[PDB]
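Report on the following structure.
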Amino acid sequence: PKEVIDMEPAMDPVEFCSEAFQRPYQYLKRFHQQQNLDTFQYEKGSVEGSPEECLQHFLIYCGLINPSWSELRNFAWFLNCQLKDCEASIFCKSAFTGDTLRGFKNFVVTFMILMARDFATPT
Amino acid sequence: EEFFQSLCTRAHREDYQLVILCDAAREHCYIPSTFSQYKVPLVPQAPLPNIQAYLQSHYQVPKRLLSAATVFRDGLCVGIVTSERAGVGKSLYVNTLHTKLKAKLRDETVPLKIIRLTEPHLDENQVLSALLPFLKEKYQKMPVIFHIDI
Ligand SMILES: Nc1ncnc2c1ncn2[C@@H]1O[C@H](COP(=O)(O)OP(=O)(O)OP(=O)(O)O)[C@@H](O)[C@H]1O
Ligand SMILES: [Mg+2]
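Okay, structure coming up:
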């Protein structure tokens, strides 16, 4: 993907409309710029993103320099399972009912970047 | 050698075009040594894009034929999906051509035969044995993609 982002979209769009790429991109798009994460995400549909922009976010947040597509797929699916577990648990519900829990999902996504660097990143 | 000698003794057409090609650095063996008087010192070679255009001109499937090649690069019947480093886009690309053959020519039911070749010193009997129960049937002469994976 690094060699078709300077020369040449490239990612398969059936993966772009998949849940497994869209939910991590719907969090990383709101996470790149420092927007507030209080409002709820994943309304089960694709937001206005492009394959170029979500490819660029996955290239800049996976950590390693020249990845293959398997490694970005593993990174995105790991973030998918973790944010799906974050959406299935009641900590976002208790954040909605308590209103002093917020800002914890920046910690959540950053610490999955570190654990994902442990799991899905040699070199 | 003695059989070629027998055929040139008995009876043969004297307009025949027999060409032999051997590795030049393996000359101490039998057949390039005992045919050395018919040595042709030019070694005919064509350039690369001429060979590419020749093979592509014969691989070009004509229209109105109901081929699976119409979802490849406008009917070329043979492709090779290669890459320098492994694990990038190849099998998903083959799957996108298979779903594109599912889109055009509706009511698809089209076979995607996958033939994983995973043994050293490639055995053609494996590929032949995987292909014999398949197009000896006459109802699978509908368009099928085959994906040999060396
Ligand atoms: N362009 C792409 N965009 C997104 N995901 C992709 C892309 N290409 C491949 N993938 C993902 O990568 C994984 C494996 O891809 P694929 O089977 O095409 O790789 P490959 O090049 O054939 O692999 P290998 O050389 O290991 O056999 C799958 O999960 C697939 O969804
Ligand atoms: Mg593959």
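Protein chains in written order, with the entry's author numbering: chain D, 2096 to 2103, 2113 to 2227; chain S, 1871 to 2020.
Ideal Cβ placement from N, Cα and C applies to all residues, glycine included.
Item to check | Beta-carbon contacts of residue 1842 of chain S that lie in its chain and below 8 Å, excluding the five residues immediately before and after | outcome: Outside the shown range of chain S (1871 to 2020) lies residue 1842 of chain S, about which nothing can therefore be said.
Checklist entry - Going along chain D in order, which residues have a C-beta closer than 7 Å to the C-beta of S:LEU1962? => result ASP2116
Checklist entry - For D:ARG2127, which of helix, strand or coil comes out of DSSP? => result helix
Checklist entry - If S:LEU1971 and S:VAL1980 are in contact, beta carbons under 8 Å, what's the gap, nearest whole angstrom? => result About 6 Å separates the two Cβ atoms, so the contact holds.
Checklist entry - For S:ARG1986, does the three-state DSSP call read helix, strand or coil? => result Strand, per DSSP.
Checklist entry - Within the present structure, is the beta-carbon of S:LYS1960 separated from the nearest heavy atom of ligand 2 by less than 7 Å? => result yes
Next on the checklist: If you reduce the DSSP assignment to three classes, tell me which class D:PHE2144 lands in.
Outcome noted: coil
Item to check | First through last residue of the alpha helix (DSSP H) which encompasses S:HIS1882 | outcome: Careful: S:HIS1882 lies outside any alpha helix (DSSP H) and carries neither H nor E.
Item to check | Option in S:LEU2002, S:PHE1905, S:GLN2010 and S:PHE2004 with minimal Cα separation from S:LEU1888 | outcome: S:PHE1905
Checklist entry - Does the region 2165-2177 of chain D touch the region 2139-2156 of chain D, meaning 3 or more C-beta pairs lie closer than 8 Å? => result no
Checklist entry - Could you check where the alpha helix (DSSP H) with D:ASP2222 kicks off and where it finishes? => result DSSP places D:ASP2222 inside the alpha helix (DSSP H), whose first and last residues are 2208-2223.
Item to check | Exposure of D:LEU2159, with buried meaning 16 or more beta-carbon neighbours within 10 Å | outcome: buried
Checklist entry - Of the residues that make up the region 2117-2132 of chain D, which ones have a beta carbon closer than 9 Å to any beta carbon in chain S? => result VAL2118 and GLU2119
Checklist entry - What residues in its chain sit with their C-beta under 6 Å from that of S:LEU1987, if we drop five residues either side in the sequence? => result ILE2020
Checklist entry - If D:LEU2183 and D:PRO2096 are in contact, beta carbons under 8 Å, what's the gap, nearest whole angstrom? => result The pair is not a contact, with the Cβ atoms about 17 Å apart (cut-off 8 Å).
Next on the checklist: Quick check: the Cα distance between S:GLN1930 and S:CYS1947, rounded to an integer number of angstroms?
Outcome noted: 7 Å
Checklist entry - At what residues does the alpha helix (DSSP H) containing S:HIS1928 begin and finish? => result 1918-1929
Next on the checklist: On the DSSP letters alone, give me the boundaries of the beta strand (DSSP E) that S:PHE2016 sits inside.
Outcome noted: 2015-2019
Checklist entry - Going by the beta-carbon positions, is the gap between D:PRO2171 and D:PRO2113 smaller than 8 Å? => result no
Checklist entry - In chain order, what residues of the region 2156-2177 of chain D put their CB closer than 7 Å to some CB of chain S? => result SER2172, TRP2173 and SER2174
Item to check | Min CB distance S:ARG1955 to chain D below 8 Å | outcome: yes
Checklist entry - From S:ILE1984 to D:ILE2164, what does the alpha carbon distance come to, in whole angstroms? => result 35 Å
Checklist entry - According to the Cβ coordinates, are D:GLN2145 and D:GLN2126 closer than 8 Å? => result Going by C-beta atoms, D:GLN2145 is not nearer than 8 Å to D:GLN2126.
Next on the checklist: Whole angstroms are fine: how far does the CA of S:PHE1942 sit from the CA of S:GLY1959?
Outcome noted: 16 Å
Checklist entry - Can you tell which of D:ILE2217, D:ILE2194 and D:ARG2206 has its C-alpha closest to the C-alpha of D:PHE2162? => result D:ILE2217
Checklist entry - S:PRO2013 and S:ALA1916: beta carbons closer than 8 Å? => result no
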